[PDB]
Amino acid sequence: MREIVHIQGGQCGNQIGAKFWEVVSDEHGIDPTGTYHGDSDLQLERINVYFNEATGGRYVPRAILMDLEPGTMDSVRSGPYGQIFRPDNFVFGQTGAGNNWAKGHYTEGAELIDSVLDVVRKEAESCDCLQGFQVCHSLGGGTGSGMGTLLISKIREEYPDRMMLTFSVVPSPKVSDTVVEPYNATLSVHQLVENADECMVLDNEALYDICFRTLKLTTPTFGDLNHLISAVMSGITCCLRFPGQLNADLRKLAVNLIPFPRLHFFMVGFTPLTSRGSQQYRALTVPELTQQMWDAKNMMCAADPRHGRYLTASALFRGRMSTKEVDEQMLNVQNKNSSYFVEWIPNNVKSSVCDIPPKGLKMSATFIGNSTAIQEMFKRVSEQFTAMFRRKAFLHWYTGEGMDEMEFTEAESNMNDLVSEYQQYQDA
Amino acid sequence: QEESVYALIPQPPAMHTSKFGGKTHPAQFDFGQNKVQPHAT
Amino acid sequence: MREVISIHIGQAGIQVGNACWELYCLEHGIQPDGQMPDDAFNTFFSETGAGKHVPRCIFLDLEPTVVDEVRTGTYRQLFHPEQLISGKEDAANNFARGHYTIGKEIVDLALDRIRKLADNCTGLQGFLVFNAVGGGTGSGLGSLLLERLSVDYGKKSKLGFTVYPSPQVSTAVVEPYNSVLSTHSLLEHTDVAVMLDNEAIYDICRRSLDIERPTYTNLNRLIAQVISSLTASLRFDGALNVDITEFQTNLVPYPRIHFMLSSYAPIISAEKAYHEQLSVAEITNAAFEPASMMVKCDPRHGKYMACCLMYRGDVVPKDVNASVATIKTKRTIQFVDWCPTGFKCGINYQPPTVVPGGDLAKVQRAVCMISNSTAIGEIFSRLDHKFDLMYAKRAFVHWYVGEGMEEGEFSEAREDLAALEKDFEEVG
Amino acid sequence: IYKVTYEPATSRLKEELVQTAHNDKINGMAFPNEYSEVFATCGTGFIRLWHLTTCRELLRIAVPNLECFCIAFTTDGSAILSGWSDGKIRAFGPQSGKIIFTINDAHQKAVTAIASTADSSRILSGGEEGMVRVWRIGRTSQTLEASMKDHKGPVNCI
Ligand SMILES: Nc1nc2c(ncn2[C@@H]2O[C@H](COP(=O)(O)OP(=O)(O)OP(=O)(O)O)[C@@H](O)[C@H]2O)c(=O)[nH]1
Ligand SMILES: Nc1nc2c(ncn2[C@@H]2O[C@H](COP(=O)(O)OP(=O)(O)O)[C@@H](O)[C@H]2O)c(=O)[nH]1
Ligand SMILES: [Mg+2]
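This next bit is on the overall build of chain C. Scanning chain C from N- to C-terminus turns up 15 helices and 11 strands. Here the C-alpha radius of gyration of chain C, 21 Å, is about what a compact globule of 428 residues would show, namely 22 Å. Along the first, second and third principal axes, the C-alpha atoms of chain C reach 60 × 60 × 45 Å. Split into buried and exposed, the 428 residues of chain C put 64% on the buried side. A total of about 15,800 Å² of accessible surface is found on chain C, and carbon and sulfur atoms cover 52% of it. Mean positive and mean negative side-chain charge positions of chain C (39 and 54 charges, respectively) differ by 3 Å.

This part takes up the interface of chain B and chain C. Facing the 14 residues of chain B at the interface are 22 residues of chain C. Of the roughly 1,500 Å² buried between chain B and chain C on both sides combined, carbon and sulfur atoms contribute 65%. Together, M15(B), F20(B) and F31(B) form the three largest contributors to the area buried by chain B at its contact with chain C, with a combined 44%. Here chain B and chain C share one salt bridge between them. Two residues, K19(B) and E425(C), come together in a salt bridge whose shortest N-O distance is 3.3 Å. Inspection of the region where chain B meets chain C yields four residue pairs in polar contact.

Sheet strands pair via backbone hydrogen bonds, and the direction of the pair is either parallel or antiparallel. Residue and element names in this part refer to chain D. Judged by pairing direction, the sheet is antiparallel, and its four strands sit side by side in the order β3-β4-β5-β6 without closing on themselves. Strand pairing shows two members of the sheet lacking a second neighbour, β3 (28–30) and β6 (60–62), which therefore form its edges. Between one strand axis and the next, the sheet turns through 15° on average, direction left out of account. Pairing analysis gives three bridges linking strand β5 (residues 46–51) to β6, with the strands arranged antiparallel. Looking across to β6, one finds that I47 is bridged to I61.

As a further point, take empty space enclosed by the protein. If you add up the space inside the largest cavity, you get close to 660 Å³. Taken together, 38 residues make up the lining of the largest cavity; nearest its centre are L246(A), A12(C), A132(C), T171(C) and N198(C). For the lining of the largest cavity, the secondary-structure elements that each account for two or more residues are α1 (10–27), α5 (136–152), β6 (157–164) and α8 (216–230) of chain C. Take the lining of the largest cavity: its biggest share by element is five residues, from α1(C). Each residue belonging to the lining of the largest cavity can be placed in one class, and the counts come to 17 nonpolar, 16 polar and five charged.

With respect to the helices and strands, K296(C) occurs in the loop between α11 (280–287) and β9 (304–313). Not counting chain neighbours up to four residues away, the residues in contact with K296(C) comprise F29(B), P167(C), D197(C), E199(C), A200(C), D203(C), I379(C) and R382(C).

Our focus in this paragraph is the nonpolar core. Residues and elements named next belong to chain A. Counting 195 residues, the largest nonpolar core has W294 and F317 as its most contacted members. With residues near it in sequence (within four places) discarded, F317 still touches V286, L289, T290, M293, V326, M330, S352, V353, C354, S364 and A365. Within the second largest apolar cluster, 56 residues are counted, among which are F20, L207, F266 and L316.

A separate point is the site of ligand 2. All names here are of chain A. Close to ligand 2 lie 14 residues, the nearest being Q11, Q15, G142, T143 and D177. Between an oxygen atom of ligand 2 and a main-chain N or O atom of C12, the distance comes to 3.0 Å. In the environment of ligand 2, a nitrogen atom lies 3.1 Å from a nitrogen or oxygen atom belonging to the side chain of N204. Contact with the protein chains removes 89% of the 590 Å² of surface that ligand 2 exposes when unbound. Secondary structure elements with two or more residues in the shell around ligand 2: α1 (10–27), α4 (143–158) and α7 (222–236). Here the shell around ligand 2 gets four residues from one element, more than from any other, and that element is α1.

What follows is about the interface of chain A and chain C. Facing 42 residues of chain A, the contacting portion of chain C comprises 34 residues. For the pair chain A and chain C, the summed buried area comes to about 3,500 Å², and 55% of that belongs to carbon and sulfur atoms. Of all residues in chain A, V255(A), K324(A) and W344(A) bury the most surface against chain C, accounting for 17% of the area lost on that side. Here chain A and chain C share three salt bridges between them. Here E325(A) ties to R213(C) by a salt bridge, and the two come within 3.6 Å at their closest N and O atoms.

This part is about the packing of aromatic side chains. Taken as a whole, this structure holds 45 aromatic pairs over all chains when the rule is applied. Their ring planes at 85° and their centres at 5.8 Å tell us that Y183(A) and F408(A) sit as a pair that is edge-to-face. Taken together, the residues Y183(A) in helix α5 (residues 181–192) and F408(A) in helix α14 (residues 406–424) connect sequence positions 225 residues apart. Their ring planes at 20° and their centres at 5.5 Å tell us that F130(C) and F161(C) sit as a pair that is stacked. Here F130(C) is found in strand β5 (residues 124–132), whereas its partner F161(C) is found in strand β6, with 31 residues between them in sequence. For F130(C), a relative accessible area of 3% puts it in the buried group. The buried category is assigned to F161(C), whose relative accessible area is 6%. Site record: aromatic cluster; members linked through ring pairs are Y183(A), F385(A), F389(A), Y398(A) and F408(A). Over the ring of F389(A) we find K392(A), and its NZ or CZ is 5.5 Å from the ring centre.

Scoring rules and cut-offs
Residues numbered from 1 in each chain as written, not as in the entry; some residues may be left out. Chains lettered and ligands numbered in written order. Part of a larger assembly, values for the part shown. Heavy atoms only, no water. Helix = DSSP H or I, 4+ residues; strand = E, 2+ residues; numbered from the N terminus. Rg over C-alpha atoms; globule rule 2.2 N^0.38 Å. Buried < 20%, exposed > 50% of the residue type's maximum accessible area, 1.4 Å probe, protein only. Areas by Shrake-Rupley, 256 points an atom, 1.4 Å probe, with all protein chains shown as cover. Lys, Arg positive; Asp, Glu negative; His and termini not counted. Charge placed at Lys NZ, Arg CZ, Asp CG, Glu CD. Contact = heavy atoms within 4.5 Å. Buried area = accessible area lost by both parts, 1.4 Å probe. Salt bridge = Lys/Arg side-chain N within 4 Å of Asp/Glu carboxyl O. Polar contact = N/O pair within 3.5 Å; in protein donor to acceptor, adjacent residues only side chain to side chain. Pairing = 2+ DSSP bridges. Axes fitted to C-alpha atoms, helices over the stretch in contact; angles between N-to-C directions. 1 Å grid on protein atoms, 1.4 Å probe; cavity = no way out; pocket = protein on both sides within 12 Å on 5 of 7 lines; lining within 4 Å. Points joined across faces, edges and corners; volume = space filled by probe spheres on them. Nonpolar A, V, L, I, M, F, W, Y, C, P; charged D, E, K, R; others polar. Core = buried A, V, L, I, M, F, W, Y, C linked by side-chain atoms within 4.5 Å. Near = heavy atom within 4 Å. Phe/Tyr/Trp six-rings, centres within 6.5 Å; stacked < 30°, edge-to-face > 60°. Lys NZ or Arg CZ within 6 Å of the ring centre and 35° of its normal.

If you want it as structure tokens, here you go:
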């Protein structure tokens, strides 16, 4: 009941998924052999939301690893938690995508869907009651963005009732991870506005401050950032897996969050995050979780919420606590700094709780914000796109795959409207 | 059929606003804080 | 023969079911395994062919994540496994889903239980509906269920204990909407509807109980103390045994006005009893105190149409008629002119029971007041503001319209509230 | 007159009826008493009903072969009398339903003029073979009396 099927697209997706399935596995006390070795009966009761029973007491994940150039898969196929995956769920192409949204969506991606769909359905029907899909993308490259969206449009029509999530990692403002990044960005956005129920945005930049400011790290490697992203992807489905005195399914989290069908871009954070020195001073009380999650620093995206208004928000607390302190705090903020919250929504936060904190903590939280500052990711992208599409630079690669050019402008009008939707509703 | 040629052809608010009405303000309520500020927190 | 049917709908429905049914099992020496080491329990239980005392209630919900806790808790040998009804997918805080899509496919099951739950019943007092307005399951299923109960029995009485959305505390954003939609369906179908807010019961736990970490499990340990006091006459001897029909006749002047308030006294910590005597005189002054209300309404802005007082313990009627007499004289309490009377009083010799691990104190005198007042228009006009503030933009509508609903159901359920608030002013 | 809108895109052909007109040789006019908004026209095939402000004919009570003559409204607001070339009078109503009665052989051939009393209690029928008759009419029982008023030629009007 209430199963979930999970997709990992691209190099980034095939690497965030490495830590995600490592984090969730430990939380349910299963070995890299796949055998359950936990203690409580609380791990087993909702284990089938991510895994499947197998002969011998194994628990194999319900993930789908898709990628061109399986080189990066050979890493995770060799890592410590690489022995758990089904080998038939590895779908890959022998050629490369070349950081090119076109061939990752038109030529090569189109050659794998016939096989990918036999994979997704084979484990979508084993679900006695499917809850939804969830993907992990990278809006910079070609494989993650291109094949990701093409996979979505096939998913959106085959399963329109169920809900698809998206932990899309978006480009960084101050540095360019690739050169053709703005082309792959918009052409993917133009697919997400229409074919996604919810979509969180992350940035490798903000993922550095939290390790440079909050965590006070020294050598933050991607192996650590993915331990951050995996902390929110685990923080969403707690109510699905663990009981709590105020549960929150995955669906009731959208209807309380998205007023209009196109503003489905969010902004996430996590709490508590302290150094290995400060854990001696700072205490763990709901007033602490509530201020650090609300701050303009734990926002894992590089968009300052203090430039717009909060339409709605959320909070998924974890750990046996007092349901009153939570309710009075989240209330105390809205009427405290009343200039950042819209007025035609009286109470614009939802609050969840769980009897089960993380594996090694006592209290924890997770934040989801739908702010009208998310438009700032789109302006900064809408300009870098129009500076180079203006002179038709790097386009012979995209048109070389038979692409048109109105698919570029349609990707810009669709965006340059989405930047206005976030302004009528922001009366400042 | 009844010889009724005269009957052949037929030829023939704001809700309200209560007095108690009012928006809840962070006063006269002991559950929460008693101020409203622009950007305190 | 003096028996009732106790329904629990939603999460808070079964959240209070765990407090109420932990009381009656303890108030009658019923072990969690059914049996105990007549008519003292026949109000709530049914002795089988041998020893076992199963309750007569029904836990109804859509998320198994809570109804299964009852299946694994210590009260699993107690319930008939069919009473604990549950579903696969949830209402997702969306009135439409709980009414049009999912509600229609399990009511046919729930209703069969009631038919098999009423045949053993020889003389049925009335149904008992524990509901939580503000969620899809609480508002949608509850609405769809009540209409089915009206057309089956009609002559039987339905009592609605519905948690209502508070002014400040709000665990959701769209809870204004489905709280409005509930009225058009509860009003014509419930015989009488008690109200109580999660916020008002919070402050009760601050001044009186002095408990600083309140939780849903605390408040429910107060509601159970109401119904225990309310149905004491049904199962415990006492001067002026008050049934339901008697209770209902002299409280509801007009078929519309059946929305009433509640109170309880004394509510004190187990140590401040050492600083008080808690006479019959002292308690009844505190029942009419505005801070002792279980709803955030102010009775000093309105007038009383009736009151009902259920005393308990070492109480004799010579002191009831005295304390009531010194209240009609008090200036603060205003009684609407067309009732010079207004008190139906009930006495019991069975003092209120205390649960181990509870917060209240063992006392010998206790009072539960249930007043029908015209100040109730306050809490009912706040909703008329938040609904008209968000509905001006059709926010969150595309969720309701996408689940087999329409735009008329919003304006229709809106006028019914205006049609109601006039009725709370014609009585001036 | 029909307006046939046809689109070959989806090969869809829908017709509408814009205007209707009588066939030929409208024989008789009739106005319901104290009514200046609807009227009735007896023609050579059947009876049509029209109204004042617009054409928009209301109904067409059809009799296949033989033609109608001298349509009439029973007084004070009542049935419609119609004498036909058969030599028979027939009564209809507002919705006109089914034939109220049929006074058959009302004349030799081709009853030509028809009138009613101010009390709607008797009906005069002047035939084409130079004769006048009157029929007494009850509520549900008809009375066929033998007036036989002999005239010198066809009765144009009564
Ligand atoms: N007094 C009290 N109120 C509760 C409790 N649990 C939830 N509530 C309130 O009930 C309201 C939501 O009702 P729910 O039952 O959780 O939601 P639902 O009716 O099941 O509909 P779905 O969430 O879609 O399944 C919230 O406003 C809560 O504050 C409780 O244990 N005690
Ligand atoms: N959090 C995290 N982000 C990464 C990592 N590796 C790459 N990214 C981002 O992924 C982007 C490039 O997309 P990529 O996945 O390499 O191309 P693709 O194979 O076509 O999807 C760049 O913006 C990288 O910064 C990683 O290891 N951890
Ligand atoms: Mg619920």
